[PDB]
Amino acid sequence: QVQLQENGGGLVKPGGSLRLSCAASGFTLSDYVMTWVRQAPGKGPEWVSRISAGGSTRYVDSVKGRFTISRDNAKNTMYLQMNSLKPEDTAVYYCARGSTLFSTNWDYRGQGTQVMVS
């Protein structure tokens, strides 16, 4: 069965750092386009960063120069390094398994992990 589990969140002061992980099982990460998504309370879902099956990465403009996405193929785990955190970064972060490079649509997503910047 396909599974996705996120961890690494918590409370952090403005300017602090967090390293989120997304552990996968039942499939190989490098076979899909993986996406980090976040949703702040009272707002809609927004994608943060994606990594292609080939290893190409792209970030939303509000996190450019602060967030870094990566994946350990030997772990089958995806990481999101969050530096210089701002209160606007408060949201639930979840990873999603996609199969299209031009849409962020997915079939499986994790349940998410909370990030509270305060």
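Numbers follow the displayed sequence, beginning with 1.
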- Message: Please compare 58-66 with 89-97 and name the stretch with the higher mean C-alpha B-factor in the deposited structure.
- Response: 58-66
- Position of residue 102 among the chain's modelled residues by C-alpha B-factor, lowest, middle or highest third: highest
- Mind checking which third residue 78 falls in for C-alpha B-factor across the chain? middle
- Note on the structure: Assert third(CA B-factor, residue 2) within chain per record equals highest
- Query: Going by what the PDB entry lists, where does residue 51 fall on CA B-factor within its chain: lowest, middle or highest third?
  - Reply: lowest
- Item | residue 29 by Cα B-factor - lowest, middle or highest third of the modelled chain | highest
